[PDB]
Amino acid sequence: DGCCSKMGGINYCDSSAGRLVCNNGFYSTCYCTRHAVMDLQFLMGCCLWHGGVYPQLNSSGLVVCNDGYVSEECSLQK
Amino acid sequence: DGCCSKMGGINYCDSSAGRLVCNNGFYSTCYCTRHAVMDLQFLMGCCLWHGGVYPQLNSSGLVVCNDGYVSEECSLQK
Amino acid sequence: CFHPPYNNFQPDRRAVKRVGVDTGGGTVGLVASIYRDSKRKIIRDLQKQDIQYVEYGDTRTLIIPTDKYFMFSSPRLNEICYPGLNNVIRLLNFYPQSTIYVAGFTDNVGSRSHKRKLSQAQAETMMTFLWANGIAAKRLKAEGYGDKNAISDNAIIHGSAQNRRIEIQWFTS
Amino acid sequence: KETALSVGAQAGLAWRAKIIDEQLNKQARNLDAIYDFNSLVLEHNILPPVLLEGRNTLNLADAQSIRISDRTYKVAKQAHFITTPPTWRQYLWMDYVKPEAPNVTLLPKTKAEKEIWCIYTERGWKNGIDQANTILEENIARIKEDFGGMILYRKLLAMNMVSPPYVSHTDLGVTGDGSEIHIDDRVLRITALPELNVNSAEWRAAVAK
Amino acid sequence: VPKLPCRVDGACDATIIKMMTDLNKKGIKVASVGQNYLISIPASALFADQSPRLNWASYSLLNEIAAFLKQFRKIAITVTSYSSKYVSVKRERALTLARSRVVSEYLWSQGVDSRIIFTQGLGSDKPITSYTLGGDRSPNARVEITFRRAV
Amino acid sequence: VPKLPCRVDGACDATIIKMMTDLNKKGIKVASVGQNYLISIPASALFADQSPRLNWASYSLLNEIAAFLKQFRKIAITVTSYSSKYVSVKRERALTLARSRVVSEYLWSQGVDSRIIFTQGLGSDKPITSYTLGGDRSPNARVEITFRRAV
Amino acid sequence: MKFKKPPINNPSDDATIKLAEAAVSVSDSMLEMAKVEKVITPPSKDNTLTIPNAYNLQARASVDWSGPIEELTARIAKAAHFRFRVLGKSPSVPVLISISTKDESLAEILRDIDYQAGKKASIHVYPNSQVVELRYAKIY
Amino acid sequence: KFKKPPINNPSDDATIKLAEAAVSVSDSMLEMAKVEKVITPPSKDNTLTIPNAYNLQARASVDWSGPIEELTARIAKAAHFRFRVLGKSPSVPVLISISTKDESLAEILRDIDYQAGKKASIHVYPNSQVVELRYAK
Amino acid sequence: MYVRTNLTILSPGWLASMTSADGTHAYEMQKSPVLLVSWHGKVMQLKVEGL
């Protein structure tokens, strides 16, 4: 909520930096573009390190990845 | 709207210049003819710098210029 | 009373005006004069302006922004921000012994020869402006470098803005 | 609601279009300063052709097969006649039509409807901002590629990598019947398009001091 | 037509006659005949004695002059500088040239809607009043601007 | 935004500047210019008299410096020690090297977000105050950490 | 006891940022290729030999212009009190030039005009005869 | 009193970067043309100058576009000078096109020779009041 | 499109051109609502309605 907390305030968003600038000349620690450097190391989804989810839908709950490897963690159990 | 204010009032519209002439012998800065010299830098419409809009109406939301290019900003999106 | 064009190169008589308008009150005028002539107030006003002051050890440095304090792309010096320059002269009056080195910096864009000449022109202008306020000519040395030792990144925009500057260093003894 | 975020996307796209067109109109002189096509033309009112570079090429076609090369170059668009030099407005002035007709099929009647209308219209507004910026980035990359191709042809011709274009001009005297006449007949045709020369022995070096 | 530009930007002939009436009753000469427009100023309201330096109050008059000349649409501006006979030919010619240079530079720095600026300084070679008692206090020492209004 | 990181973890510029003020009122020099930053520390509140042994009370200030240093995103940190001449060249050089080494050791032991750290010590070969009345108590004996903050 | 960096001004715009980012690369490419062109091809002479200065040509001029050469050079000549002369038939393709300069010599302005013109045309000055002559190219 | 700043000023970092880039590219293209332009020397250019004969200083107006020889013959008759030709007229005529409202005959002949170029030239002699059209080989 | 003025057009690039004795230009060009000219050294945008 507070980017330039105890500081002046937002001047602009440098998209080369992907970051805001405070009224004082320090590089503000606040994201403004999605094209910044986020060191995210946890992820989401299914069929990762594979071809992704195959676009078909099945009568069964069995969902395969696009490279052909099956995924029991995404396919529902019985 | 009264262009020859604080002067003699309007005499006529010299359309050789496309400018109003007042009863005072000075050139009025208002224009009165379409065939007259403006100084404009902004335009409207889409499919510009091209053949204009294609005359036919595409069934989908796409619009296309006469040289074949498609203006996605004028076109309707999803 | 006071002239905007650098007061026509004369040391000012300001505290007399301050105590006169205080009487219009001598003691309160005197304490206001000494508080406004205090060094810390001058440094606070300098940092209220866009000028950076650095002291660490026996060496002191001043940082001036070229684009905000000059006409662009030319050694013509902008004089709209003259109160900062006047207070700079007031500060530099306090240290009448050590020599002063001044250097110029620009960014990495264009001919390196062009950067060198632009920095040298800025150095010459700052050199003669500091000389003309009354300090002796052999107390000064000026140099203008291009992008040799940048303290910022050229590729990022705010750092590219921060790179071009005027550096002033001086010792004590 | 989905139509509401759609019309919010429309409004945001048009608003960023107007803003970027004002900003681009603000810097008219420097664009013509930097994109001197009229200097970049050649002497016979001919557009120099377009070249593309490439360094350190590696391809793994499949197993047991690797093809590598150091550099390569590509003719993109062949040289041709031109009449007036192109300007930046032919590549950068993105179109704009303001939509002033939001037909609200789903009017708000509850404050919760007003609030979800606000948040989804905000989402559409941001999406329109992102789309406009993407469009601008695509256009500026395209025109940068064009200028780089022109400059690449000029310097490869400087380095003796391409033959210059060759033009034959034929001039004839008066012509026509007793009713229609043209007083002289000058016809220019380019018999040799520019192309690469594979004989590397004619190449020359380059130094700086 | 309402979408079309009805008049030029900031065009008001009431303001035009207001500022020219203020300048004429102030004393700086402004004359108009046909399309040709001349404005003359004495150097005593512009400089000090025999010196190409600007006093800080003069920028108000410079702003008024710029506001007047930006009102019209034009192509070429010609300014010229005239001096008294003080020492020589070289010194007076260079002083006139420098004064024309600095006023042209300030005018281009301000928002002038013109494309050509011409400066020329002469000195004391085209006088007006043969009465030549004063120095820079003389009315002959002057600076003139001129243009033709374009359409 | 509900899944994308809105901020870098543990980022608070108010915390940054309040501990900057607290450090400078503690008397540890903090220098900020460009993207380069310097933290300079007197050795008297850190070590023993010409001895490479940490005092126990110094670990609170070391924890403070680590808490400040973990805030930014760095790549490389450089630390260098300086002292006064007491015996020779070699003893002073090795003492500076050992002091910088143990400081770097505890700093790597804490979770600093750096990839590269360099440690160095130069004895007394860079005096910053010609007034050299004291020895270890003189303020020219020092330790400096330095980095450049990027992106 | 506040802290700030020196450069602070009005806020920027992302399109201008991307424009500058492209323009830096374009500029350095043009710089290095100007260097390699100058190295591999040596000059021979100077156009200041053909266009010498003279007195009353030292009037200062600041000029912005983006049109054909004709009326621009004509107003230059009528400022110079010289004789405007045209040599060769006018080309079918119009000749266009662009100038954005600040307070230069008239003679240097002329040399800049001819340098921007290149192979299409040439300028000669006969100051004894007070004649400014232009001439088109003899090709086609 | 007051001193307003320059109104159209690049007060922004992007703007000043753009402006100095524009300076660089303008300078680079300028020196490119400077080092690539070919210029004839003024002491060796092969064009005909003004002979300063008094009878050639008269003024006229000609809008002609055709062959060269009859035009030169009528020009010589207007100058009351004699006319000579050397060489052979080729099959394709040498073509010229001069449109002017007020000009003198000396620079008329100068631009005639300039439009002639290589295949023909002209000489003018004031000792014996003659003009001569010379073909090439 | 066929156009007649006494200025010089720039933007689309024409196919055919013709010039009077007095200095009037006429052109034959591909259809477009936009024109660019240099009026008297000033760049000028010219608007066409009716296509």
# chains A, B, ... in the order shown; residues from 1 in each chain; ligands from 1

$ select_by_dssp --residues "chain A" --states "strand (DSSP E or B)" --output "list in words"
residues 12, 13, 14, 19, 20, 21, 27, 28, 29, 30, 31, 53, 64, 65 and 70 of chain A

$ calpha_fit_and_write --fixed "chain A" --moving "chain B" --output "short mmCIF file (atom, residue, chain, number, x, y, z; two decimals) with N, CA, C and O atoms, in the first residue's frame"
data_model
loop_
_atom_site.label_atom_id
_atom_site.label_comp_id
_atom_site.auth_asym_id
_atom_site.auth_seq_id
_atom_site.Cartn_x
_atom_site.Cartn_y
_atom_site.Cartn_z
N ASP B 1 0.75 -0.60 0.66
CA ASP B 1 0.39 -0.28 -0.72
C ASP B 1 1.08 1.01 -1.17
O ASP B 1 1.51 1.12 -2.31
N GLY B 2 1.19 1.97 -0.26
CA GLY B 2 1.91 3.18 -0.58
C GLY B 2 3.39 2.91 -0.45
O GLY B 2 3.94 2.90 0.65
N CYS B 3 4.04 2.69 -1.59
CA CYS B 3 5.40 2.18 -1.57
C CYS B 3 6.41 3.26 -1.22
O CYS B 3 7.38 2.99 -0.51
N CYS B 4 6.19 4.49 -1.67
CA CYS B 4 7.12 5.57 -1.33
C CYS B 4 6.69 6.29 -0.06
O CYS B 4 6.65 7.51 0.01
N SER B 5 6.38 5.51 0.98
CA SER B 5 6.07 6.07 2.28
C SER B 5 7.36 6.45 2.99
O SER B 5 8.42 5.87 2.73
N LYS B 6 7.24 7.44 3.88
CA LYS B 6 8.37 8.07 4.58
C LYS B 6 9.43 8.59 3.61
O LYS B 6 10.63 8.53 3.88
N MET B 7 8.97 9.09 2.47
CA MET B 7 9.83 9.65 1.44
C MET B 7 9.04 10.74 0.74
O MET B 7 8.02 11.22 1.27
N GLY B 8 9.48 11.13 -0.44
CA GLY B 8 8.81 12.22 -1.13
C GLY B 8 7.49 11.86 -1.77
O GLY B 8 6.83 12.75 -2.31
N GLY B 9 7.07 10.60 -1.71
CA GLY B 9 5.94 10.15 -2.48
C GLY B 9 6.38 9.72 -3.86
O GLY B 9 7.53 9.89 -4.27
N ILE B 10 5.43 9.17 -4.62
CA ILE B 10 5.75 8.53 -5.88
C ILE B 10 6.02 9.58 -6.95
O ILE B 10 5.33 10.60 -7.03
N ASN B 11 7.05 9.35 -7.77
CA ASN B 11 7.21 10.15 -8.97
C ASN B 11 6.59 9.47 -10.18
O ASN B 11 5.61 9.98 -10.74
N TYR B 12 7.10 8.30 -10.57
CA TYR B 12 6.49 7.52 -11.66
C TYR B 12 6.99 6.09 -11.60
O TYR B 12 7.53 5.64 -10.58
N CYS B 13 6.77 5.35 -12.68
CA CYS B 13 7.21 3.96 -12.83
C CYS B 13 8.20 3.91 -13.98
O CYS B 13 7.79 3.91 -15.15
N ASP B 14 9.49 3.85 -13.67
CA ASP B 14 10.51 3.66 -14.69
C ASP B 14 10.39 2.23 -15.20
O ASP B 14 10.83 1.28 -14.55
N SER B 15 9.76 2.09 -16.36
CA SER B 15 9.51 0.79 -16.95
C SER B 15 10.70 0.25 -17.73
O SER B 15 10.66 -0.90 -18.17
N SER B 16 11.74 1.07 -17.93
CA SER B 16 13.01 0.53 -18.40
C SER B 16 13.59 -0.41 -17.36
O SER B 16 14.18 -1.44 -17.70
N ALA B 17 13.43 -0.07 -16.09
CA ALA B 17 13.74 -0.97 -15.00
C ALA B 17 12.51 -1.69 -14.45
O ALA B 17 12.67 -2.68 -13.74
N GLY B 18 11.31 -1.21 -14.77
CA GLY B 18 10.12 -1.82 -14.20
C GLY B 18 9.94 -1.55 -12.73
O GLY B 18 9.23 -2.30 -12.06
N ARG B 19 10.54 -0.49 -12.22
CA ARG B 19 10.50 -0.17 -10.81
C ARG B 19 9.94 1.23 -10.62
O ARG B 19 10.11 2.10 -11.46
N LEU B 20 9.25 1.42 -9.50
CA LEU B 20 8.80 2.75 -9.15
C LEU B 20 9.98 3.64 -8.79
O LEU B 20 10.96 3.19 -8.21
N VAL B 21 9.88 4.91 -9.17
CA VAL B 21 10.79 5.95 -8.72
C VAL B 21 9.96 6.94 -7.92
O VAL B 21 8.89 7.37 -8.37
N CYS B 22 10.43 7.25 -6.72
CA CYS B 22 9.74 8.15 -5.82
C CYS B 22 10.16 9.59 -6.10
O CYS B 22 11.02 9.86 -6.93
N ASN B 23 9.53 10.53 -5.39
CA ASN B 23 9.98 11.92 -5.44
C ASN B 23 11.33 12.08 -4.76
O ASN B 23 12.14 12.91 -5.18
N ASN B 24 11.57 11.32 -3.70
CA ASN B 24 12.94 11.11 -3.26
C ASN B 24 13.69 10.37 -4.36
O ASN B 24 13.15 9.48 -5.02
N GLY B 25 14.96 10.73 -4.54
CA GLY B 25 15.73 10.16 -5.63
C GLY B 25 16.28 8.77 -5.37
O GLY B 25 17.39 8.45 -5.80
N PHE B 26 15.50 7.92 -4.71
CA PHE B 26 15.88 6.55 -4.42
C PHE B 26 14.97 5.59 -5.17
O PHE B 26 13.82 5.91 -5.47
N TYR B 27 15.51 4.41 -5.46
CA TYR B 27 14.75 3.41 -6.17
C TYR B 27 13.78 2.72 -5.22
O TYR B 27 14.19 2.17 -4.20
N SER B 28 12.49 2.78 -5.55
CA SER B 28 11.50 2.08 -4.75
C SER B 28 11.58 0.58 -4.99
O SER B 28 11.75 0.12 -6.12
N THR B 29 11.43 -0.18 -3.92
CA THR B 29 11.55 -1.62 -4.00
C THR B 29 10.31 -2.30 -4.57
O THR B 29 10.38 -3.49 -4.90
N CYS B 30 9.19 -1.60 -4.67
CA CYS B 30 8.04 -2.20 -5.31
C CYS B 30 8.24 -2.28 -6.81
O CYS B 30 9.02 -1.53 -7.41
N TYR B 31 7.54 -3.22 -7.43
CA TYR B 31 7.54 -3.35 -8.88
C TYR B 31 6.27 -2.74 -9.45
O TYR B 31 5.27 -2.57 -8.75
N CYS B 32 6.32 -2.39 -10.73
CA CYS B 32 5.14 -1.87 -11.40
C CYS B 32 4.97 -2.41 -12.81
O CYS B 32 4.04 -1.98 -13.50
N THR B 33 5.82 -3.32 -13.27
CA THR B 33 5.75 -3.84 -14.62
C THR B 33 5.84 -5.36 -14.58
O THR B 33 6.60 -5.92 -13.78
N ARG B 34 5.04 -6.01 -15.42
CA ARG B 34 5.16 -7.45 -15.60
C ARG B 34 6.53 -7.82 -16.15
O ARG B 34 7.15 -8.78 -15.69
N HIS B 35 7.03 -7.04 -17.10
CA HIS B 35 8.39 -7.22 -17.59
C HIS B 35 9.34 -6.58 -16.60
O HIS B 35 9.84 -5.47 -16.79
N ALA B 36 9.58 -7.29 -15.50
CA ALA B 36 10.54 -6.85 -14.50
C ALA B 36 11.09 -8.08 -13.79
O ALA B 36 10.48 -9.15 -13.80
N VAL B 37 12.25 -7.91 -13.16
CA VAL B 37 12.96 -9.03 -12.58
C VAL B 37 12.41 -9.32 -11.19
O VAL B 37 12.50 -8.48 -10.29
N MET B 38 11.83 -10.49 -11.03
CA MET B 38 11.42 -10.99 -9.73
C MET B 38 12.51 -11.89 -9.18
O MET B 38 13.61 -11.97 -9.72
N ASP B 39 12.20 -12.59 -8.10
CA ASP B 39 12.98 -13.75 -7.69
C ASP B 39 12.00 -14.73 -7.05
O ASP B 39 11.72 -14.65 -5.85
N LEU B 40 11.48 -15.63 -7.87
CA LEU B 40 10.44 -16.56 -7.44
C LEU B 40 10.91 -17.99 -7.65
O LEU B 40 11.54 -18.30 -8.67
N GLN B 41 10.61 -18.84 -6.69
CA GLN B 41 11.01 -20.24 -6.75
C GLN B 41 9.84 -21.20 -6.75
O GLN B 41 10.05 -22.40 -6.97
N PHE B 42 8.62 -20.73 -6.53
CA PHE B 42 7.46 -21.59 -6.43
C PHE B 42 6.54 -21.35 -7.61
O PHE B 42 6.41 -20.22 -8.09
N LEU B 43 5.90 -22.41 -8.08
CA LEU B 43 4.99 -22.34 -9.21
C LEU B 43 3.72 -23.12 -8.89
O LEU B 43 3.65 -23.87 -7.92
N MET B 44 2.72 -22.93 -9.74
CA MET B 44 1.43 -23.59 -9.61
C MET B 44 1.16 -24.39 -10.88
O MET B 44 2.04 -24.56 -11.73
N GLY B 45 -0.06 -24.91 -10.99
CA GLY B 45 -0.45 -25.65 -12.17
C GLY B 45 0.10 -27.06 -12.18
O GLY B 45 0.91 -27.46 -11.33
N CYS B 46 -0.32 -27.83 -13.17
CA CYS B 46 0.12 -29.21 -13.30
C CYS B 46 0.54 -29.48 -14.74
O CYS B 46 0.46 -28.61 -15.60
N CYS B 47 0.98 -30.73 -14.96
CA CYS B 47 1.70 -31.16 -16.17
C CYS B 47 2.90 -30.26 -16.45
O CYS B 47 3.22 -29.94 -17.59
N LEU B 48 3.60 -29.88 -15.38
CA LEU B 48 4.74 -28.99 -15.50
C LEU B 48 5.97 -29.78 -15.90
O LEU B 48 6.00 -31.01 -15.82
N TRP B 49 6.98 -29.04 -16.37
CA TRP B 49 8.20 -29.59 -16.99
C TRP B 49 7.86 -30.50 -18.16
O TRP B 49 8.56 -31.48 -18.43
N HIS B 50 6.77 -30.19 -18.84
CA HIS B 50 6.23 -30.98 -19.92
C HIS B 50 5.55 -30.01 -20.87
O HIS B 50 5.74 -28.79 -20.77
N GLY B 51 4.73 -30.52 -21.77
CA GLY B 51 4.03 -29.65 -22.68
C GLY B 51 2.82 -28.94 -22.12
O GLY B 51 1.98 -28.47 -22.90
N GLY B 52 2.67 -28.85 -20.80
CA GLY B 52 1.48 -28.30 -20.22
C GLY B 52 0.33 -29.28 -20.31
O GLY B 52 0.50 -30.47 -20.58
N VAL B 53 -0.87 -28.76 -20.07
CA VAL B 53 -2.07 -29.58 -20.15
C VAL B 53 -2.37 -29.89 -21.60
O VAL B 53 -2.14 -29.06 -22.50
N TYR B 54 -2.85 -31.10 -21.86
CA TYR B 54 -3.36 -31.41 -23.19
C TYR B 54 -4.64 -30.61 -23.43
O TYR B 54 -5.45 -30.45 -22.51
N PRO B 55 -4.83 -30.07 -24.63
CA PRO B 55 -6.01 -29.23 -24.88
C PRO B 55 -7.33 -29.97 -24.83
O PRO B 55 -8.34 -29.38 -24.41
N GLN B 56 -7.37 -31.24 -25.22
CA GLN B 56 -8.62 -31.98 -25.19
C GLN B 56 -8.89 -32.47 -23.77
O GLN B 56 -7.98 -32.68 -22.98
N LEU B 57 -10.18 -32.60 -23.45
CA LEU B 57 -10.61 -33.09 -22.15
C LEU B 57 -10.94 -34.57 -22.26
O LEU B 57 -11.85 -34.96 -22.99
N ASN B 58 -10.19 -35.39 -21.53
CA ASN B 58 -10.41 -36.83 -21.52
C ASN B 58 -11.71 -37.15 -20.78
O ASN B 58 -12.06 -36.49 -19.80
N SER B 59 -12.44 -38.14 -21.30
CA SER B 59 -13.72 -38.52 -20.72
C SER B 59 -13.56 -39.08 -19.32
O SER B 59 -14.39 -38.81 -18.44
N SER B 60 -12.51 -39.85 -19.09
CA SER B 60 -12.21 -40.32 -17.75
C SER B 60 -11.50 -39.23 -16.95
O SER B 60 -11.32 -38.10 -17.42
N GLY B 61 -11.08 -39.57 -15.75
CA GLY B 61 -10.42 -38.60 -14.90
C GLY B 61 -8.97 -38.36 -15.19
O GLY B 61 -8.33 -37.55 -14.51
N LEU B 62 -8.42 -39.03 -16.20
CA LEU B 62 -7.00 -38.91 -16.50
C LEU B 62 -6.71 -37.58 -17.19
O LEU B 62 -7.46 -37.13 -18.05
N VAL B 63 -5.60 -36.96 -16.80
CA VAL B 63 -5.04 -35.83 -17.53
C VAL B 63 -3.68 -36.25 -18.05
O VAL B 63 -3.04 -37.16 -17.52
N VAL B 64 -3.25 -35.59 -19.12
CA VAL B 64 -2.08 -36.02 -19.86
C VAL B 64 -1.35 -34.78 -20.36
O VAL B 64 -1.98 -33.76 -20.68
N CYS B 65 -0.03 -34.83 -20.34
CA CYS B 65 0.75 -33.74 -20.89
C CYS B 65 1.02 -33.97 -22.37
O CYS B 65 0.85 -35.07 -22.89
N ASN B 66 1.46 -32.91 -23.05
CA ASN B 66 1.57 -32.93 -24.50
C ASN B 66 2.68 -33.82 -25.00
O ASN B 66 2.64 -34.24 -26.16
N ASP B 67 3.66 -34.15 -24.16
CA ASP B 67 4.67 -35.12 -24.53
C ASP B 67 4.25 -36.54 -24.21
O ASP B 67 5.06 -37.46 -24.34
N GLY B 68 3.01 -36.74 -23.77
CA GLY B 68 2.44 -38.05 -23.60
C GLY B 68 2.38 -38.54 -22.17
O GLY B 68 1.69 -39.53 -21.90
N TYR B 69 3.09 -37.89 -21.25
CA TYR B 69 3.10 -38.35 -19.87
C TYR B 69 1.78 -38.02 -19.19
O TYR B 69 1.11 -37.04 -19.52
N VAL B 70 1.40 -38.85 -18.22
CA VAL B 70 0.15 -38.71 -17.50
C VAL B 70 0.44 -38.29 -16.07
O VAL B 70 1.19 -38.96 -15.36
N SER B 71 -0.14 -37.17 -15.66
CA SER B 71 0.04 -36.65 -14.31
C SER B 71 -1.07 -37.19 -13.43
O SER B 71 -2.19 -36.67 -13.41
N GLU B 72 -0.76 -38.24 -12.68
CA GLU B 72 -1.75 -38.88 -11.83
C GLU B 72 -2.16 -38.01 -10.65
O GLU B 72 -3.28 -38.17 -10.14
N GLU B 73 -1.31 -37.08 -10.22
CA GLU B 73 -1.67 -36.24 -9.08
C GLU B 73 -2.66 -35.15 -9.49
O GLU B 73 -3.55 -34.82 -8.71
N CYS B 74 -2.53 -34.62 -10.70
CA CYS B 74 -3.54 -33.70 -11.20
C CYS B 74 -4.78 -34.45 -11.62
O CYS B 74 -5.89 -33.91 -11.55
N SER B 75 -4.62 -35.70 -12.07
CA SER B 75 -5.76 -36.50 -12.50
C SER B 75 -6.63 -36.90 -11.32
O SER B 75 -6.15 -37.06 -10.19
N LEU B 76 -7.92 -37.06 -11.59
CA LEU B 76 -8.85 -37.55 -10.59
C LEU B 76 -8.63 -39.03 -10.35
O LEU B 76 -8.38 -39.80 -11.28
N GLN B 77 -8.73 -39.44 -9.09
CA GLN B 77 -8.47 -40.81 -8.70
C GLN B 77 -9.77 -41.53 -8.40
O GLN B 77 -10.87 -40.98 -8.54
N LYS B 78 -9.66 -42.79 -7.98
CA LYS B 78 -10.81 -43.57 -7.55
C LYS B 78 -11.06 -43.31 -6.07
O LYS B 78 -12.19 -43.41 -5.59
#

$ closest_atom_pairs --of "chain C" --to "chain G" --cutoff "10 Å" --atoms "only C-alpha atoms" --output "tab-separated table"
residue	atom	partner	partner_atom	distance
C:44	CA	G:1	CA	7.8
C:47	CA	G:4	CA	7.6
C:48	CA	G:2	CA	9.0
C:49	CA	G:6	CA	8.3
C:50	CA	G:6	CA	4.7
C:51	CA	G:6	CA	5.3
C:52	CA	G:6	CA	5.9
C:53	CA	G:6	CA	9.7
C:63	CA	G:6	CA	7.4
C:64	CA	G:6	CA	6.9
C:65	CA	G:7	CA	6.0
C:66	CA	G:7	CA	8.9
C:67	CA	G:7	CA	8.4
C:68	CA	G:7	CA	7.5
C:108	CA	G:24	CA	9.6
C:109	CA	G:24	CA	6.9
C:110	CA	G:28	CA	6.6
C:111	CA	G:31	CA	7.2
C:155	CA	G:21	CA	8.2
C:156	CA	G:21	CA	9.5
C:157	CA	G:17	CA	7.9
C:158	CA	G:7	CA	8.4
C:159	CA	G:7	CA	9.5
C:161	CA	G:7	CA	6.7
C:162	CA	G:7	CA	6.0
C:163	CA	G:7	CA	9.3
C:164	CA	G:7	CA	9.4
C:165	CA	G:6	CA	9.0

$ write_last_selection --atoms "N, CA and C atoms" --output "CSV table (one decimal), in the first residue's frame"
chain,number,residue,atom,x,y,z
C,44,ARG,N,21.2,22.5,5.0
C,44,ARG,CA,19.8,22.1,4.9
C,44,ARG,C,19.1,22.7,3.8
C,47,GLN,N,20.5,21.1,0.5
C,47,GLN,CA,19.8,19.8,0.2
C,47,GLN,C,18.3,20.0,0.0
C,48,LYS,N,17.8,21.1,0.4
C,48,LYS,CA,16.4,21.5,-0.1
C,48,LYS,C,16.4,21.8,-1.5
C,49,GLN,N,17.5,22.5,-2.0
C,49,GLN,CA,17.8,22.5,-3.4
C,49,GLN,C,18.3,21.2,-3.9
C,50,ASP,N,18.5,21.0,-5.2
C,50,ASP,CA,18.9,19.7,-5.7
C,50,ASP,C,20.4,19.5,-5.8
C,51,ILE,N,21.0,19.8,-4.7
C,51,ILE,CA,22.5,19.8,-4.6
C,51,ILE,C,22.9,18.8,-3.5
C,52,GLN,N,23.9,18.0,-3.7
C,52,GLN,CA,24.3,17.0,-2.8
C,52,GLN,C,25.6,17.3,-2.1
C,53,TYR,N,25.6,17.2,-0.8
C,53,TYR,CA,26.8,17.5,0.0
C,53,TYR,C,27.3,16.2,0.7
C,63,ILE,N,28.0,17.9,-5.2
C,63,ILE,CA,27.5,17.3,-6.5
C,63,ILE,C,26.4,18.2,-7.0
C,64,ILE,N,26.6,18.6,-8.3
C,64,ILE,CA,25.7,19.6,-9.0
C,64,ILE,C,25.1,18.9,-10.2
C,65,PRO,N,23.8,19.0,-10.5
C,65,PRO,CA,23.2,18.4,-11.7
C,65,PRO,C,23.2,19.3,-12.9
C,66,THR,N,23.9,18.8,-13.9
C,66,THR,CA,24.2,19.7,-15.1
C,66,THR,C,23.0,20.1,-15.9
C,67,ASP,N,22.1,19.1,-16.1
C,67,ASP,CA,20.9,19.4,-16.9
C,67,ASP,C,20.0,20.4,-16.2
C,68,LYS,N,19.8,20.3,-14.9
C,68,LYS,CA,19.0,21.2,-14.1
C,68,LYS,C,19.7,22.5,-13.9
C,108,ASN,N,27.3,8.1,-21.7
C,108,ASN,CA,28.1,7.3,-22.7
C,108,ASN,C,27.6,7.4,-24.1
C,109,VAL,N,26.8,8.4,-24.4
C,109,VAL,CA,26.1,8.4,-25.7
C,109,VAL,C,26.7,9.4,-26.6
C,110,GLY,N,27.2,9.0,-27.7
C,110,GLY,CA,27.8,9.9,-28.7
C,110,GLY,C,29.3,9.7,-28.9
C,111,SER,N,29.9,10.6,-29.5
C,111,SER,CA,31.4,10.6,-29.7
C,111,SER,C,32.1,10.8,-28.3
C,155,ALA,N,22.3,2.1,-18.9
C,155,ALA,CA,21.1,1.4,-19.5
C,155,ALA,C,19.8,1.8,-18.8
C,156,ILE,N,19.9,1.9,-17.5
C,156,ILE,CA,18.7,2.4,-16.7
C,156,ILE,C,18.6,3.9,-16.8
C,157,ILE,N,17.4,4.4,-16.8
C,157,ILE,CA,17.2,5.7,-17.2
C,157,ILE,C,17.5,6.7,-16.1
C,158,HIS,N,17.0,6.4,-14.9
C,158,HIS,CA,17.2,7.3,-13.8
C,158,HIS,C,18.7,7.3,-13.4
C,159,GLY,N,19.4,6.2,-13.5
C,159,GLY,CA,20.8,6.1,-13.4
C,159,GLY,C,21.6,6.9,-14.4
C,161,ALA,N,20.4,9.5,-15.9
C,161,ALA,CA,20.2,10.9,-15.5
C,161,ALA,C,21.2,11.2,-14.3
C,162,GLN,N,21.4,10.3,-13.4
C,162,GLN,CA,22.2,10.6,-12.3
C,162,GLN,C,23.7,10.6,-12.6
C,163,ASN,N,24.1,10.0,-13.7
C,163,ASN,CA,25.5,9.8,-14.0
C,163,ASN,C,26.1,11.2,-14.4
C,164,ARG,N,25.5,12.0,-15.2
C,164,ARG,CA,26.1,13.3,-15.6
C,164,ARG,C,26.0,14.3,-14.5
C,165,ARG,N,27.1,14.9,-14.1
C,165,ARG,CA,27.2,15.6,-12.9
C,165,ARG,C,28.4,16.5,-12.9

$ residues_around --residues "region 1-16 of chain C" --least-positions-apart "4" --cutoff "8 Å" --atoms "only C-alpha atoms" --output "list in words"
residues 20, 33, 82, 86 and 133 of chain C; 56 of chain E

$ closest_residue --among "E:88, E:100, E:108, E:151" --to "residue 40 (chain I)" --atoms "only C-alpha atoms"
E:151
